[PDB]
Structure formats: structure tokens, C-alpha cells
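Chemist: my_file_4.txt is reproduced below (compact mmCIF, N, CA, C and O atoms).
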# COMPACT_ATOMS: atom_id res chain seq x y z
N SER U 1 101.65 87.42 112.16
CA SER U 1 103.09 87.22 111.87
C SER U 1 103.97 88.01 112.82
O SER U 1 105.01 87.53 113.27
N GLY U 2 103.57 89.22 113.12
CA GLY U 2 104.36 90.05 113.96
C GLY U 2 103.80 91.44 114.09
O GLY U 2 102.59 91.61 114.30
N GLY U 3 104.65 92.41 113.92
CA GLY U 3 104.24 93.79 114.07
C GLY U 3 104.89 94.68 113.03
O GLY U 3 104.25 95.60 112.50
N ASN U 4 106.15 94.42 112.73
CA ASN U 4 106.86 95.19 111.72
C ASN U 4 106.26 94.98 110.35
O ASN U 4 105.72 93.91 110.06
N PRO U 5 106.34 96.00 109.48
CA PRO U 5 105.72 95.96 108.16
C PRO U 5 106.14 94.74 107.36
O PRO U 5 105.32 93.89 107.05
N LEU U 6 107.42 94.65 107.03
CA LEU U 6 107.95 93.55 106.27
C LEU U 6 108.03 92.27 107.09
O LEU U 6 108.40 91.22 106.58
N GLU U 7 107.70 92.35 108.36
CA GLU U 7 107.77 91.19 109.23
C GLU U 7 106.70 90.16 108.87
O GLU U 7 106.85 88.98 109.14
N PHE U 8 105.64 90.63 108.22
CA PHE U 8 104.57 89.74 107.77
C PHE U 8 105.10 88.76 106.71
O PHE U 8 104.56 87.67 106.51
N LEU U 9 106.19 89.17 106.06
CA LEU U 9 106.84 88.38 105.02
C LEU U 9 107.41 87.09 105.59
O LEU U 9 107.69 86.15 104.84
N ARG U 10 107.61 87.06 106.90
CA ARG U 10 108.15 85.88 107.58
C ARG U 10 107.28 84.64 107.31
O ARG U 10 107.76 83.51 107.37
N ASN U 11 106.02 84.88 106.99
CA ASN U 11 105.08 83.80 106.73
C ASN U 11 104.84 83.61 105.23
O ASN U 11 104.38 82.55 104.79
N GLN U 12 105.20 84.61 104.43
CA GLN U 12 104.94 84.57 103.00
C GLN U 12 105.96 83.69 102.28
O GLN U 12 107.14 84.05 102.17
N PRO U 13 105.50 82.54 101.74
CA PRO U 13 106.38 81.57 101.08
C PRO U 13 107.06 82.13 99.83
O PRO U 13 108.14 81.67 99.44
N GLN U 14 106.43 83.12 99.21
CA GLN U 14 106.99 83.75 98.03
C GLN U 14 108.22 84.56 98.41
O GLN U 14 109.22 84.57 97.69
N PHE U 15 108.15 85.21 99.56
CA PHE U 15 109.25 86.00 100.06
C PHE U 15 110.34 85.09 100.60
O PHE U 15 111.52 85.45 100.60
N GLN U 16 109.94 83.92 101.09
CA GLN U 16 110.89 82.94 101.59
C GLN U 16 111.98 82.63 100.55
O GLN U 16 113.12 82.34 100.90
N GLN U 17 111.61 82.72 99.28
CA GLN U 17 112.54 82.47 98.18
C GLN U 17 113.55 83.61 98.07
O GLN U 17 114.74 83.38 97.82
N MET U 18 113.06 84.83 98.27
CA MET U 18 113.87 86.02 98.20
C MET U 18 115.00 85.96 99.22
O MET U 18 116.12 86.34 98.95
N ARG U 19 114.67 85.47 100.39
CA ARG U 19 115.62 85.36 101.48
C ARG U 19 116.60 84.21 101.25
O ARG U 19 117.75 84.27 101.68
N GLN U 20 116.12 83.15 100.59
CA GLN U 20 116.95 81.99 100.31
C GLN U 20 118.20 82.37 99.55
O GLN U 20 119.31 82.01 99.94
N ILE U 21 118.02 83.10 98.47
CA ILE U 21 119.12 83.53 97.67
C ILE U 21 120.07 84.44 98.46
O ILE U 21 121.27 84.36 98.31
N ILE U 22 119.51 85.29 99.34
CA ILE U 22 120.31 86.23 100.14
C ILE U 22 121.19 85.51 101.18
O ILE U 22 122.23 86.02 101.58
N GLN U 23 120.77 84.32 101.59
CA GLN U 23 121.54 83.54 102.57
C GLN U 23 122.91 83.18 102.03
O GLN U 23 123.90 83.18 102.76
N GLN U 24 122.96 82.87 100.76
CA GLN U 24 124.19 82.49 100.11
C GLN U 24 124.73 83.63 99.27
O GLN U 24 125.91 83.99 99.34
N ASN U 25 123.86 84.20 98.48
CA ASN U 25 124.21 85.25 97.54
C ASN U 25 123.42 86.54 97.81
O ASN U 25 122.42 86.81 97.14
N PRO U 26 123.85 87.34 98.80
CA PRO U 26 123.20 88.62 99.11
C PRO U 26 123.38 89.64 97.98
O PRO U 26 122.75 90.69 97.99
N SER U 27 124.23 89.31 97.02
CA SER U 27 124.47 90.17 95.87
C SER U 27 123.21 90.24 95.00
O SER U 27 123.04 91.15 94.19
N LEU U 28 122.32 89.27 95.19
CA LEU U 28 121.08 89.22 94.44
C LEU U 28 120.00 90.07 95.09
O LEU U 28 118.85 90.10 94.64
N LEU U 29 120.37 90.78 96.15
CA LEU U 29 119.45 91.67 96.86
C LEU U 29 118.82 92.71 95.92
O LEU U 29 117.60 92.82 95.83
N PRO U 30 119.64 93.50 95.18
CA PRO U 30 119.12 94.51 94.27
C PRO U 30 118.33 93.90 93.11
O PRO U 30 117.56 94.58 92.44
N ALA U 31 118.53 92.60 92.89
CA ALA U 31 117.81 91.89 91.85
C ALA U 31 116.39 91.61 92.32
O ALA U 31 115.43 91.73 91.56
N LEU U 32 116.27 91.22 93.57
CA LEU U 32 114.97 90.94 94.16
C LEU U 32 114.20 92.22 94.48
O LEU U 32 112.98 92.22 94.44
N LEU U 33 114.93 93.30 94.81
CA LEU U 33 114.29 94.59 95.13
C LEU U 33 113.32 95.01 94.03
O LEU U 33 112.17 95.34 94.30
N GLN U 34 113.79 94.97 92.80
CA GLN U 34 112.96 95.32 91.66
C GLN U 34 111.90 94.24 91.43
O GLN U 34 110.81 94.53 90.93
N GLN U 35 112.23 93.01 91.79
CA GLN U 35 111.32 91.90 91.61
C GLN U 35 110.12 92.05 92.51
O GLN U 35 109.01 91.77 92.10
N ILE U 36 110.34 92.53 93.72
CA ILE U 36 109.24 92.77 94.64
C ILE U 36 108.20 93.68 93.98
O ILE U 36 107.02 93.50 94.15
N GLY U 37 108.68 94.62 93.18
CA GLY U 37 107.81 95.55 92.50
C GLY U 37 106.97 94.91 91.41
O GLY U 37 105.86 95.37 91.14
N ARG U 38 107.48 93.86 90.78
CA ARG U 38 106.75 93.20 89.71
C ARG U 38 105.71 92.23 90.24
O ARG U 38 104.77 91.86 89.54
N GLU U 39 105.87 91.82 91.48
CA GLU U 39 104.92 90.91 92.10
C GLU U 39 104.04 91.63 93.13
O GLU U 39 102.90 91.24 93.35
N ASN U 40 104.58 92.66 93.74
CA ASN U 40 103.84 93.42 94.74
C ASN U 40 104.37 94.85 94.84
O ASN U 40 105.22 95.16 95.69
N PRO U 41 103.90 95.75 93.97
CA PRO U 41 104.35 97.15 93.95
C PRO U 41 104.07 97.85 95.28
O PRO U 41 104.85 98.70 95.72
N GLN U 42 102.97 97.48 95.91
CA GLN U 42 102.59 98.05 97.20
C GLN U 42 103.59 97.66 98.27
O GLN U 42 103.93 98.47 99.14
N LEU U 43 104.05 96.43 98.22
CA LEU U 43 105.04 95.94 99.16
C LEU U 43 106.37 96.64 98.93
O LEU U 43 107.05 97.00 99.88
N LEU U 44 106.73 96.82 97.66
CA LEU U 44 107.98 97.49 97.30
C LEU U 44 108.07 98.88 97.93
O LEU U 44 109.15 99.31 98.36
N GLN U 45 106.93 99.56 98.01
CA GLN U 45 106.87 100.87 98.65
C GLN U 45 107.35 100.79 100.09
O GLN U 45 108.06 101.66 100.58
N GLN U 46 106.97 99.70 100.76
CA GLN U 46 107.34 99.49 102.14
C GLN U 46 108.79 99.09 102.23
O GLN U 46 109.48 99.41 103.19
N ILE U 47 109.24 98.37 101.22
CA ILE U 47 110.62 97.91 101.13
C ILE U 47 111.58 99.09 101.06
O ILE U 47 112.57 99.13 101.77
N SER U 48 111.28 100.04 100.20
CA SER U 48 112.13 101.20 100.02
C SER U 48 112.06 102.14 101.23
O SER U 48 113.03 102.82 101.56
N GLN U 49 110.92 102.16 101.89
CA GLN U 49 110.72 103.02 103.05
C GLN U 49 111.29 102.40 104.32
O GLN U 49 111.79 103.11 105.19
N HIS U 50 111.21 101.09 104.42
CA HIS U 50 111.68 100.38 105.60
C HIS U 50 112.62 99.27 105.19
O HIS U 50 112.45 98.11 105.59
N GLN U 51 113.61 99.62 104.40
CA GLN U 51 114.56 98.64 103.87
C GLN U 51 115.29 97.93 104.98
O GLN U 51 115.46 96.73 104.93
N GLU U 52 115.69 98.68 105.99
CA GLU U 52 116.41 98.13 107.13
C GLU U 52 115.64 96.96 107.76
O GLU U 52 116.23 95.96 108.17
N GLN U 53 114.33 97.10 107.79
CA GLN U 53 113.47 96.07 108.36
C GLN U 53 113.34 94.89 107.40
O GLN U 53 113.22 93.75 107.81
N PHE U 54 113.35 95.19 106.12
CA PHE U 54 113.26 94.17 105.09
C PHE U 54 114.59 93.38 104.95
O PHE U 54 114.58 92.17 104.71
N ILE U 55 115.71 94.07 105.11
CA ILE U 55 117.04 93.47 105.00
C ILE U 55 117.22 92.38 106.03
O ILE U 55 117.71 91.28 105.72
N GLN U 56 116.83 92.67 107.26
CA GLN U 56 116.95 91.71 108.34
C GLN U 56 116.06 90.50 108.09
O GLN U 56 116.39 89.39 108.50
N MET U 57 114.95 90.72 107.40
CA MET U 57 114.05 89.63 107.04
C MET U 57 114.77 88.69 106.09
O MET U 57 114.71 87.48 106.24
N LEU U 58 115.44 89.27 105.10
CA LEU U 58 116.22 88.51 104.12
C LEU U 58 117.29 87.66 104.78
O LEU U 58 117.59 86.57 104.33
N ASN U 59 117.86 88.18 105.85
CA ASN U 59 119.01 87.56 106.49
C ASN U 59 118.64 86.55 107.56
O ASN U 59 119.52 85.86 108.09
N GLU U 60 117.37 86.43 107.88
CA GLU U 60 116.96 85.47 108.88
C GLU U 60 116.94 84.06 108.28
O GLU U 60 116.75 83.91 107.07
N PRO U 61 117.13 83.03 109.11
CA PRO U 61 117.14 81.65 108.63
C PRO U 61 115.78 81.23 108.11
O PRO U 61 114.77 81.35 108.81
N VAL U 62 115.76 80.75 106.90
CA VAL U 62 114.53 80.36 106.25
C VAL U 62 114.50 78.84 106.01
O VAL U 62 115.50 78.24 105.60
N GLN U 63 113.33 78.24 106.26
CA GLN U 63 113.11 76.77 106.17
C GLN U 63 113.27 76.21 104.75
O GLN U 63 113.03 75.02 104.51
N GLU U 64 113.66 77.05 103.81
CA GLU U 64 113.82 76.62 102.44
C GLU U 64 115.17 75.93 102.24
O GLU U 64 115.22 74.73 101.97
N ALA U 65 116.25 76.69 102.37
CA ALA U 65 117.61 76.17 102.21
C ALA U 65 118.63 77.27 102.47
O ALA U 65 119.44 77.18 103.40
N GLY U 66 118.58 78.30 101.65
CA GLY U 66 119.51 79.40 101.79
C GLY U 66 120.60 79.37 100.74
O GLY U 66 121.62 80.04 100.87
N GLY U 67 120.40 78.58 99.70
CA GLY U 67 121.37 78.51 98.63
C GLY U 67 120.69 78.53 97.28
O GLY U 67 119.60 77.98 97.12
N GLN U 68 121.32 79.18 96.31
CA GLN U 68 120.76 79.27 94.98
C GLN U 68 121.82 78.98 93.92
O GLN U 68 123.02 79.08 94.19
N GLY U 69 121.38 78.60 92.73
CA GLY U 69 122.30 78.32 91.65
C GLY U 69 121.95 79.08 90.38
O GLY U 69 122.65 78.98 89.37
N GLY U 70 120.87 79.83 90.44
CA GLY U 70 120.42 80.59 89.29
C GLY U 70 119.17 81.38 89.59
O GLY U 70 118.20 81.34 88.83
N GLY U 71 119.18 82.08 90.70
CA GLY U 71 118.03 82.86 91.10
C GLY U 71 118.37 84.33 91.23
O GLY U 71 119.47 84.75 90.89
N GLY U 72 117.42 85.10 91.69
CA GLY U 72 117.63 86.52 91.86
C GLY U 72 116.37 87.29 91.58
O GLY U 72 115.26 86.70 91.77
Mind converting the file's structure to C-alpha cells?
Modeler:
Amino acid sequence: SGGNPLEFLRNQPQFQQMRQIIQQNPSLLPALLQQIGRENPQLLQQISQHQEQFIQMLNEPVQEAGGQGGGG
């Protein structure tokens, strides 16, 4: 996928959803932050340590859509 820690998420379809909501509603960022912990506590550790790298992942264009109506 790449080299950066959270950069591997670029291929992870589960994370693709996390970024989708952020494309339209970045306010759901803190909602997904805790969510990462319920699905991948190990990943969350990397998220909190390298948030800056994870944030940019959220903001990149994702093949899903980038809009949500009830997610987070």
C-alpha cells in the first residue's frame, strides 16, 4: 500500500467508509476515532500517535462517494 503507518488504510475497504463521511462531514472524525478502537484497538494506537498521517488519509478522495446521511 505504501510506507506510512495509516497509509495501509488506503487499501482497507473498512477504512474507506471512515473517509467517506469525512469528505462531506469531517465533524464525524471524533466519532470514527473511537470507532477505530472498537474494530481495531491496535490501529487506534497508531491513529493517536500518528493522527496527522491518519487525517490526510481521511481527506483523500475515496472510490466510495464521500457523502453520508447517517454515519459516523
Chemist: At what distance in Å, to one decimal, does atom N of residue U:18 lie from atom C of residue U:66?
Modeler: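 Atom N of residue U:18 lies at a distance of 9.6 Å from atom C of residue U:66.
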Chemist: So, counting only C-alpha atoms, which residue among U:56, U:42, U:35, U:48 is closest to residue U:14?
Modeler: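 Comparing U:56, U:42, U:35, U:48 against residue U:14, the winner is U:35.
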Chemist: Smallest atom-to-atom distance to residue U:15: which of U:2, U:46, U:37, U:57, using all atoms listed in the file?
Modeler: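 The answer is U:57, which sits nearest to residue U:15.
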Chemist: Please, what distance in Å, to one decimal, runs between atom N of residue U:45 and atom C of residue U:72?
Modeler: 16.8 Å
Chemist: Please measure the separation of atom CA of residue U:21 and atom C of residue U:64, giving the value in Å to one decimal.
Modeler: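 About the pair atom CA of residue U:21 and atom C of residue U:64: they are 9.7 Å apart.
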Chemist: List every residue of chain U that DSSP, applied to the backbone, labels as helix (DSSP H, G or I), and write the result as a PyMOL selection string.
Modeler: chain U and resi 6-10+13-24+26-39+41-49+51-59
